[PDB]
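Next up is one chain by itself, shown in structure tokens, the form deposited in one PDB entry.
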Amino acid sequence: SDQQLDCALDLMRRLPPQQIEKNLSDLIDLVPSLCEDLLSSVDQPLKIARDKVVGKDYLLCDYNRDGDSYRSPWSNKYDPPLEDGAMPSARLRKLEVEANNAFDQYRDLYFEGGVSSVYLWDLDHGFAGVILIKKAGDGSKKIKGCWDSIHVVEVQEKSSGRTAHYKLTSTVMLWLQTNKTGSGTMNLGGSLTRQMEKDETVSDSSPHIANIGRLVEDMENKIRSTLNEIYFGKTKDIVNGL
């Protein structure tokens, strides 16, 4: 059943990414016992929702889900409401608020639009989090694009509290397509995933969000370049060679 999981993940690597959601629901229908592991390890295009009590948008993924409800980072409330849904510890909720605000600014500075959300969760000897960013380009032109960032970070604090080990797994999904359908339609879409690890000083001048901010920024700057090379260089040279 880990060999089942690997086969399912191998499947998602080959099936057209233009159909991720439908293929994910089909795959879970096919192997129901894998539901939980599939939902956690299969990245999907990010969905937008409105938090009506605060009047801000937030992003949906498995990391803010419980039952069939989603938690907003602004109001810290599930929607539809939930009696008992997973919540961050009070200390961690505080950091989650600062992190949302911080990455809101990061998004403005790098994306000049789109939407971002940050969700944190407690671990035995640290904490983890996801940084989500969704930016659509001009959808009015002959060609339109969209960008989804999914940055999952795992943080292990050392006992001294002076260093921590940071583990980043980042997915960027990049979708470009012709507004025409079908004849003359062209769709270039999918995702790349990368990993970074780093030990870092943790102090009043280098707190968690700053250390995480830098890793996410480094990662995204690198992946942007890599996307450019893969999408517009590599797939194009393959086409040229057909």
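Throughout, we count residues from 1 along the sequence that is shown. Throughout, rigid core stands for the largest set of C-alpha atoms superposing within 1.5 Å between the two forms.
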Stretch with the higher entry mean CA B-factor, where the candidates are 190 to 198 and 209 to 217: 190 to 198
Higher-B stretch (mean Cα B-factor, as the entry records it), 127 to 135 or 74 to 82: 74 to 82
Per the PDB entry, maximal CA B factor within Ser170, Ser159, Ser117, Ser89: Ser159
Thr185 - Cα temperature factor, lowest/middle/highest third of chain: middle
Chain thirds of CA B-factor: placement of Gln177: middle
Ranked against its chain, the third holding the CA B-factor of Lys141: highest
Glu21 - Cα temperature factor, lowest/middle/highest third of chain: highest
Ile238, C-alpha B-factor rank within chain (lowest, middle or highest third): lowest
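The form deposited in another entry is left out here; the points below concern that form.
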Core-superposed comparison between this form and the one not shown: the option from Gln195, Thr181, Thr201, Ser205 whose CA moves 2 angstroms or more: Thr181
Post core alignment: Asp43 C-alpha displaced by 2 Å or more between this form and the one not shown: yes
Core-aligned C-alpha movement of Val31 between this form and the one not shown reaching 2 Å: yes
Core-superposed comparison between this form and the one not shown, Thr226 Cα displacement 2 Å or beyond: no
